[PDB]
J.: 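If you scroll down you'll find the structure; I have some questions about it.
Chain letters run A, B, ... following the sequence lines, proteins first and then strands; every chain starts at 1.
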Protein chains: 4
Amino acid sequence: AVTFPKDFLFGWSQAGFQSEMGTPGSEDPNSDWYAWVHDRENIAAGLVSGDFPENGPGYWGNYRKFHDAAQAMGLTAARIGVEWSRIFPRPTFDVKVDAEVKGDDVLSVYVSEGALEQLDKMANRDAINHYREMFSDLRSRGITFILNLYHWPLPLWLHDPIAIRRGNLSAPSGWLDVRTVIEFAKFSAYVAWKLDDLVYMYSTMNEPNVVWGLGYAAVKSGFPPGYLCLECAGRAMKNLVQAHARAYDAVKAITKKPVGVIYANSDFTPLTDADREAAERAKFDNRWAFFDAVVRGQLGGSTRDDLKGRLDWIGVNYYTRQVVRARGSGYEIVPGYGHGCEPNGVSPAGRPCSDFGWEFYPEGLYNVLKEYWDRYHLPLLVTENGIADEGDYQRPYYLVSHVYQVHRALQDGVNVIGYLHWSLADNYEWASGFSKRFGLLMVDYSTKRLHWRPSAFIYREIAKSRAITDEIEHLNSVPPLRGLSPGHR
Amino acid sequence: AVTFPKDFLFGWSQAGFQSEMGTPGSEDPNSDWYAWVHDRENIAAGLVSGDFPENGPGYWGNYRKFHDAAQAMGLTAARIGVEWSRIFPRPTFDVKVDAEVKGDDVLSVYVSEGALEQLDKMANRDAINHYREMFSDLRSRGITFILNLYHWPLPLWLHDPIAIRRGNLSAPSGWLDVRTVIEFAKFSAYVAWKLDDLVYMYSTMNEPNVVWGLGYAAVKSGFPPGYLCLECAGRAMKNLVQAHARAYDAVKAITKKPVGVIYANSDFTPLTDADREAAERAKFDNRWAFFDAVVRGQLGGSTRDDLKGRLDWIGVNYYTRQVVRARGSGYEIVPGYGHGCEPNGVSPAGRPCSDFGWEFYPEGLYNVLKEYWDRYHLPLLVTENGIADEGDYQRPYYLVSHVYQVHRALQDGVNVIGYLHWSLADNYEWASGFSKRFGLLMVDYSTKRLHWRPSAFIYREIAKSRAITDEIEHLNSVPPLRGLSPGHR
Amino acid sequence: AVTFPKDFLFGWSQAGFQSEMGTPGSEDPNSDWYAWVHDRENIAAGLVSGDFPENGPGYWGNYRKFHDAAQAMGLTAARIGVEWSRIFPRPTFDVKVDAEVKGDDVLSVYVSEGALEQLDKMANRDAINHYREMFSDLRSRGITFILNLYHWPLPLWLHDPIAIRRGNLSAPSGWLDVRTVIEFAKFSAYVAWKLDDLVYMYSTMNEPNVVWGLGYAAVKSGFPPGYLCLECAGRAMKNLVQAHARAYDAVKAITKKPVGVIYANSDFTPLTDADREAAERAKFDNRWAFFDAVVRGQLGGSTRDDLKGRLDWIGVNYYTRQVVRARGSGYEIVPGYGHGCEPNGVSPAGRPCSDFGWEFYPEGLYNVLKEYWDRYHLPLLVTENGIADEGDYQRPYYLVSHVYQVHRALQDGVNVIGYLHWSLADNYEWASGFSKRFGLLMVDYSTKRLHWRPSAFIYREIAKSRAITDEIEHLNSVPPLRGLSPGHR
Amino acid sequence: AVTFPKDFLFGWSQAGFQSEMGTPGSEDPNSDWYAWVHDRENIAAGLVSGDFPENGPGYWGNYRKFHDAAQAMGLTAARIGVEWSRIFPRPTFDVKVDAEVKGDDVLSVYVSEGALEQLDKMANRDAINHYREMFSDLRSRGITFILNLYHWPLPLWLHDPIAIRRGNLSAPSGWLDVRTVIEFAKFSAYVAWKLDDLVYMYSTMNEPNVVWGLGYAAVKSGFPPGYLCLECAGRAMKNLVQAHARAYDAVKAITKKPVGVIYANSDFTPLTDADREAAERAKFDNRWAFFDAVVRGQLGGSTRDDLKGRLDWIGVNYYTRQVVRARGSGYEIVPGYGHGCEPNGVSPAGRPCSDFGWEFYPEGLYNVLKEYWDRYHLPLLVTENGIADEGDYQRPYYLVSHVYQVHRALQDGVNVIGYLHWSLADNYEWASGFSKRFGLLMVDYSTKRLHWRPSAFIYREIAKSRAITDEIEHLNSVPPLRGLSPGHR
Ligand SMILES: [Mg+2]
Ligand SMILES: [Mg+2]
């Protein structure tokens, strides 16, 4: 068996927007992402799937059944997000705070108790109360709660993504506006102030790199505001760094609990030995730039004392690798591997690819954990790992294999504190809609019933034993190819 | 949930030759099938895989671990075979019995206590004692035991399959010789006499239709003696009928426990409505001919009182269908469906096909059960159902779907007394060797360790609850195609 | 054999931007499309392939070899475009013409001889002379020349597609600006004035529906300006209608030769009988709206005498169908058929799909020809038909099948005057770059050599005989599926 | 261009049994192969396809149209077989000849003019006259004729393959009987005596290695007599050696024209460098054993002066390779490459596989030619090369690639005198029936019409130019994989 420490957390991660709606009274129309996915032009263009989150899995109403399943599965932790748009559907700009802003730089944001009280008057009571209800229930199952403050949607008053898509950059511009940093610090303080008694650890945000990158660079991904603008991507990146740091400080003014961040990772593997330098450049550009900012205060060639040391732990999201080839002194991502595979194809390495076209590459998770650990020596939590797999064909192997790799990291001295699968149940996969099914539990979107995939039973074994048991260790292997789609050669 | 009666049996089936060998001291070289699969010409021709049973899963030595797994899985029954070749490695012809033989017809075989004693003197003691040991252990787990007397291999003294393949029909000729019927009655009496205290129900034989059909007609299948001879197929068929009837009588002279037979079934589905008559002709030729003989005494246009009423229950093996098309007043099996599909392909009905090229067709199991029930109203046991599936891609769906169909039969009044999956663990699939993996448990043929596939955990749910639970009912569905091999169009 | 009239034209079609560059001295950087495909953000986003037209097949320098091949193949016609950007790299706004503009409506544009002379002073001499050279050579081979004035790229002075993508709608805005209509009339007059002696028939433009639709609606296609704006799509559509009408008039003021238009067509086939109305709505929206404007003067619910009767012939481009399903009183295009198939997949109708994911549907060409003929009774020329097929797997069948369908139309009384394959040679497929290979001749982009695919030899048979000969008629069939990619199910 | 010498022959090869029947009056029921493929047990077993040669392409009646096509294609040679069964449907044993037989060894057979006259009295006049008619017509087209005496079927009076399959080895036993050697010498003399004026070169037999190997070893292939017997395979091999030598002598007693043999070849390629010795052992066993016998007189460890020097030229049949791995001091053929690939799959080398599962491996043809040339320095004729390819997907590439390799051999000094494609038209592929389509011309088996595949037009280019022309040289490449079936991984 491959045994984990007794305190090691096995759980799941979940987003508000992806999972909450679907039950009566749950609809939240007041986010950029909601507007974005309902936009007729986006739908007609195929930027978004045409599926809508209000037809989703209904965690808002059915949370007890989600928690029931998690408890039955032996899960001891959940990282779940709250939605800013629900809590502050109306603007909070007029709540005065003490913020030192020097042009593009937000150096501090102090949120007084008076401001918190004014925010409380402005907050949506049903929303914040409901979060307390859901998270209290969660805790009542013996599930440790990691609260993630931001998981992409912004209140519409902060971002009109259609206006921005259209190039009206005077419209509310989301992470292109330093105001959003300040409002986020306010929001983060407020949520900690309200909910801290339920929270074990905080994350400020989930995968900010996807926000800036898909929002402004990889615009075929259909993410808001889908405004192809490299400068904008950088501006959003910087504002997300600043938002993280200012939220860290605001939350720490309320609570001394650990405050971290959750980030989208790939293992950047060189196509050949000659591409090792290129792979390192990719890692820097795509990973260390953000972390060196919030850990070391290094951003854009200068060091900011107001950014340094603003991280207590690192949430590693990991799905697959990116294979990197040198291109001059730059680099390029090699198609056919990693995230760039044929959906339900096979990479040139012989690794099957998920329903999303993501390559089976568990070894990457060890590498990413090791690299983060060696660089910063901050505690690591695997905050996402999973697979789009409607058939549960690859998932059992995917699950055990990746858990094994976490064990390897642990054995080698990485302080990894848990593994959170993405996700307990199927949910709304953003621009892809509902057809990308990442759950251990299948969701019937008509009935809202949860259904256990066999991988859920495998995860129960792992979670209840805190081990890859002898019975299931064989799943630490690559899915046999013959029965799977071969894709195209 | 889909709930079964409290007495309903969930278990597994297993063959001696397929599962026993692999541990030291287990090798039994003294069967036709052993000679057959080691024959160099057969191997070179690709008639057999080149894999050998002595490299198998090792139930002979490791039975306790098989039983441990079954018990952990909640299984309440096992149908397991004994091997004639192990018990009587040397000829028993000289043991006198009272047999009325009129040419080709063996009308009676009475085995006296004196004969049983003489047989006991000739029997291999280690073999019979070891079977008692294994089956006693099996019973000690709360597992009901259905003993199946014959599961294809014959002692070599009864059948030199290489000589017969070569056309030397004066060599020991297996089921071409009425002597084999008589020796089988002796063997069956002997085994019942020795082991009855361990046995709940007896089966005389497993899939005799495969024996005669693959042995003498479908010779590319690589089954012994692989002597292409339609008359021989019929002769073997008749001798297997007679063997069944004479074993039934011999066993009943010792014990009043139920004595049945286990048979290979397909649902014969008409390609179009116009093929309904053709499908009925196929059912008669391939199924009712045997059963009308052993139930109604009807064979070859005449009725034999010595055949009538020689069946207490029917073991339904079922894997897939055969699609039938009229061809004149005859019929033909339509390729691309049923058993004749591309391995890991998809049929024209959109049904995925197993690693063996067998179509996903759970509805067939209901039909076969209903048809047997309507015709004979004898108790039915699903004695095999499973899938060759190295990845466990289709099996979870296959399992639940077929169990559901058994429930449907039950609900409609069919007396089906249990469901036995083929098989608990991977084993030697005859001419196909080890690459056809039917286990709920994967076998590592190097280490002999058993490994739980996720389907094993699903079956545990079913067996422990005697139900398709709400959590797993969704698996009563066709595996999603996109992620599976599409085959060729 | 399937024989065509002696005057029936067999030839090819070709675009300037797609085929001209690749030889020294050919580079034309002065178009929107050139800027667009070199734009770093577009490349990084995957909107465009990263391939560049200057690395193309080199018709500008190597035209004689293209013509040699066409002549060897027996081709009697070519429709080839000229590039506005080459001819007028600098703005022509200051050339005064008499234009009646009432807001959005350009009712007339008269281009005086004085204006033509002023244009001639402003024109790029090398460009216009070179076109004369190439087209004179073309004619010297016995090849009839259909000159197409516009095939998507605009001079950059008329359209800064990056500025528009960014939402700076005050930048030169291409078909969003009525000025472009007027400049196009000037350009069209100028080209006719210069080149008419070489021209048999004129087309004003190629597939304007792709320009407006991909430019402003189907923005994932990576066409300029990629500004998602439904109103803009309509504005561009109207301006392309007006441009067509004003070019028709301007060309007719110079020459009485036939002036037509070339349009992207699909056969809109109803998924079920219940979708017939929906299919008709699709045809109207996607086809009749434009043609009723330029034939009947009907646009936007009003009739314009300045639009009526502005068409002498219709160039039918046809590649595949679109399957249409009713959606309320609207309609939707059914994925998996037509243009929306898996690249190298197979549709649900069993029709193989090209390297572009376009379904094999030759019957559509008959339908489209018949429908146009029944509606307008204007002469039809199949101005494009071909397939992206790097292996020449489907093309031989595609070619003969579609030619057969043209014959069927002819036999039924449609005045179809010829068939022009897209294309003689591989070329730059817009945002897809060079990997979509439509040639009868394969191009080696390194050496610029032309290579005959077997389909070229089949087309030679057709063209030289003006018939589908007895030897090749069997190719009027669907490519056998077994050997082709099956795609995913 | 890749140019061949002016005398180099481009043509086709054809078998009597595979191509003759299908027209009224052509049916020849009097061969082992005819009986074999009509045998009900064989059909039911799937040993043979159920297709029958009498439904074939009808060369017997339609030869002029075959020749017309060949002439239109520019072909200058044909190797065509005659059928012993047609010429001597009744036994010729009673025609006395002078034969020195020492047990198994037939050391000489002298056929006197008197014997020839007696044979002529016994011959079927319609058959021999008809062959003269067909071959005279062939010659009238400028086509050089290579007559091949034997191409597998034997007269039934020499071989009752069903009796032998059944193990009745006292029945007429074909190549298991030295009598067949003697009768073959008689037959060969007779045919040369009758037809020599039409013949340029003789071949005694086609692929005798397939006869002995598939007949008695690879019995799943469904070749007669399908009697699994390694000793028999060796006996048949020796008798085919002897038959070749005695036919050589008998033909040389009549004519001094070149007498050769046609043999089934593979390039035996080592899987790794460590398998080079194993590959050499495979070549010896499968190729040099026969040729060292008929060239060097070396057979079974002894040298026979009556075998030495009995070969004037070597007919190389080549389709694909066999990949060989050492297995101890033996060797094994590696599945998934060469002849052992998935039909319409792709090998691990990335080479597409034909409809027969044969890997695209043109380099093998050079190797085989070079090896034969280096060993014996006898003139070589590529007597077969082609592909089962119903779609003509791979064939154009297959054709040009293999022709290129013949050129390479020539350039390197191999005396290769021509290239004969298998085949001009589709025909009956033995146990596989009609679905394996090897023609440059597709045959419609209903109408008997011949249809030109595009590869036929490519071959016309080659044959008329005696070159791989510049236009088609690109086809010397591997078919692009993306559009083809990927098979299974
Ligand atoms: Mg699975
Ligand atoms: Mg082709």
J.: Which heavy atom of C:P486 sits nearest a heavy atom of B:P486, and at what distance?
T.: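 Scanning both residues, the minimum pair turns out to be CG-CG, 3.5 Å.
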J.: Looking at residues at least two apart in the chain, or sitting in another chain, which of them share a side-chain hydrogen bond (donor to acceptor under 3.5 Å, both in side chains) with A:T269?
T.: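 Testing A:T269 for side-chain hydrogen bond (donor to acceptor under 3.5 Å, both in side chains), a comparison that skips the adjacent residues, returns A:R321.
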J.: So how far is it from A:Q394 CD to A:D389 CG, rounded to the nearest 0.5 Å?
T.: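 So the CD of A:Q394 and the CG of A:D389 are separated by 5.5 Å.
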J.: SG/C:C353 to CG/C:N344 distance, rounded to the nearest 0.5 angstrom?
T.: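 That separation rounds to 8.5 Å.
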J.: Would C:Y445 and C:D51 count as having a side-chain donor-acceptor pair, cut-off 3.5 Å?
T.: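 Per modelled atom types, C:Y445 and C:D51 side chains form no pair under 3.5 Å.
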J.: Can you name the residues that form a disulfide bond (SG atoms under 2.5 Å apart) with A:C229, not counting sequence neighbours?
T.: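 Once residues adjacent in sequence are excluded, the partners of A:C229 under the disulfide bond (SG atoms under 2.5 Å apart) criterion are A:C232.
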J.: What distance separates B:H488 NE2 from B:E342 CD, expressed to the nearest 0.5 Å?
T.: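 Those atoms lie 5.5 Å apart.
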J.: Parallel, tilted or perpendicular, judged at 30° and 60°: which one describes the rings of A:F356 and A:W358?
T.: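 Parallel, since the angle between the ring planes stays under 30°.
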J.: When the ring centroid of A:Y263 is compared with that of A:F291, is the distance short of 6.0 Å?
T.: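 Yes - the distance between ring centres of A:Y263 and A:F291 falls below the 6.0 Å cut-off.
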J.: Ring centroid separation for A:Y319 and A:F438, is it under 6.0 angstrom?
T.: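 Yes, the ring of A:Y319 comes within the 6.0 Å limit of the ring of A:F438, centre to centre.
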J.: Look at the aromatic rings of A:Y318 and A:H402 and report parallel, tilted or perpendicular, splitting at 30° and 60°.
T.: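 Tilted.
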J.: Between A:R281 and A:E277, does at least one N-O distance fall below 4.0 Å, as a salt bridge requires?
T.: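 Salt bridge flag = yes for A:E277 with A:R281.
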J.: Between A:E332 and A:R325, is there a salt bridge with N-O shorter than 4.0 Å?
T.: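 A salt bridge is present here (some side-chain N lies under 4.0 Å from a carboxylate O).
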J.: For the backbone of A:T383 and the side chain of A:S13, can you confirm whether one donor and one acceptor N or O come within less than 3.5 Å of each other?
T.: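 Pair found, side chain donor or acceptor close to backbone of A:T383.
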J.: Return the orientation label for the A:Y428 and A:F434 ring planes: parallel under 30°, perpendicular over 60°, tilted otherwise.
T.: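 Geometry flag for A:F434 against A:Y428: perpendicular rings.
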J.: Run the side-chain hydrogen bond (donor to acceptor under 3.5 Å, both in side chains) test against A:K436 and tell me which residues pass, sequence neighbours left out.
T.: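 A:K436: no side-chain hydrogen bond (donor to acceptor under 3.5 Å, both in side chains) contacts found.
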J.: Can you name the nearest heavy-atom pair linking C:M442 to C:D426, along with the distance?
T.: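 For C:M442 versus C:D426, the nearest heavy atoms are CA-OD2, 3.3 Å.
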J.: Tell me the closest heavy-atom pair linking A:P270 and A:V323, and the distance in Å.
T.: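 Reported closest heavy-atom pair: C-CG1, 4.5 Å.
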J.: Using a distance-only test with no angle check, is there a side-chain donor-acceptor pair under 3.5 angstrom linking D:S347 and D:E359?
T.: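 Indeed, the side chains of D:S347 and D:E359 share at least one donor-acceptor pair under 3.5 Å.
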J.: C:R165 and C:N42: side-chain donor and acceptor closer than 3.5 Å?
T.: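 Yes.
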J.: Return each pair, listed once, that meets salt bridge (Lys or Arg N to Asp or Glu O under 4.0 Å) where at least one residue sits in residues 478-489 of chain A; pairs must be two or more places apart or across chains.
T.: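 Checked against salt bridge (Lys or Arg N to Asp or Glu O under 4.0 Å) - neighbours excluded - no pair reaches residues 478-489 of chain A.
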J.: Would you verify whether the NZ or CZ of A:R408 falls within 45 degrees of the ring axis of A:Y366 while also being under 6.0 Å from that six-membered ring's centre?
T.: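 Yes; both conditions hold, so A:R408 lies above the ring face of A:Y366.
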J.: Just how far is it from atom CG of C:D392 to atom CG of D:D392, taken to the nearest 0.5 Å?
T.: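 So the CG of C:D392 and the CG of D:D392 are separated by 9.0 Å.
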J.: Can you confirm if the aromatic rings of A:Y227 and A:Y216 lie within a centre distance of less than 6.0 Å?
T.: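 Not under 6.0 Å, so no.
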J.: How close do D:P348 and D:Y337 get, counting heavy atoms only, and between which atoms?
T.: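 Smallest heavy-atom distance, with atoms named: CB-OH, 3.3 Å.
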J.: Is A:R287 reaching over with its side chain to a backbone N or O of A:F284, donor-acceptor style, under 3.5 angstrom?
T.: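 Not a single qualifying donor-acceptor pair exists.
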J.: Taking all atoms of both residues into account, what is the closest heavy-atom pair of A:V219 and A:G226, and its distance?
T.: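 What the structure gives for the nearest pair is CG1-C, 3.8 Å.
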J.: Sequence neighbours excluded, which residues qualify as salt bridge (charged side-chain N to carboxylate O under 4.0 Å, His left out) partners of B:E390?
T.: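 Salt bridge (charged side-chain N to carboxylate O under 4.0 Å, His left out) list for B:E390, sorted by chain: empty.
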J.: Looking only at non-hydrogen atoms, find the nearest pair between C:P454 and D:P396 and report the distance.
T.: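 For C:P454 versus D:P396, the nearest heavy atoms are CG-CB, 3.8 Å.
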J.: Determine, stepwise, if the pair A:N317 / A:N385 fulfils side-chain hydrogen bond (donor to acceptor under 3.5 Å, both in side chains).
T.: CA-CA 6 Å; A:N317 288 3; A:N385 180 63; over 6 Å; no
J.: Starting at CG of B:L484, measure out to OH of A:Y393 and round the result to the nearest 0.5 Å.
T.: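 The OH atom of A:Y393 is 3.5 Å from CG of B:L484, to the nearest 0.5 Å.
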J.: Centre-to-centre under 6.0 Å for C:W36 and C:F223, is that the case here?
T.: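 No, too far apart.
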J.: With sequence neighbours excluded, what pairs up with D:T320 under the side-chain hydrogen bond (donor to acceptor under 3.5 Å, both in side chains) test?
T.: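 D:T320 satisfies side-chain hydrogen bond (donor to acceptor under 3.5 Å, both in side chains) with no other residue.
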J.: Within a strict 4.5 Å, meaning less than it, do heavy atoms of the C:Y398 and C:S455 side chains meet?
T.: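 No; the side chains remain at least 4.5 Å from each other.
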J.: What is the ring orientation for A:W430 with A:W152, classed by angle as parallel under 30°, tilted 30 to 60°, or perpendicular over 60°?
T.: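 Answer is tilted, since the angle falls between 30° and 60°.
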J.: Judged by modelled atom types alone, do A:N265 and A:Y372 share a side-chain donor-acceptor pair under 3.5 Å?
T.: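 A donor-acceptor contact under 3.5 Å links the two side chains.
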J.: Measure the spacing between OG of D:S354 and CZ of D:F360 and express it to the nearest 0.5 Å.
T.: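 So the OG of D:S354 and the CZ of D:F360 are separated by 11.0 Å.
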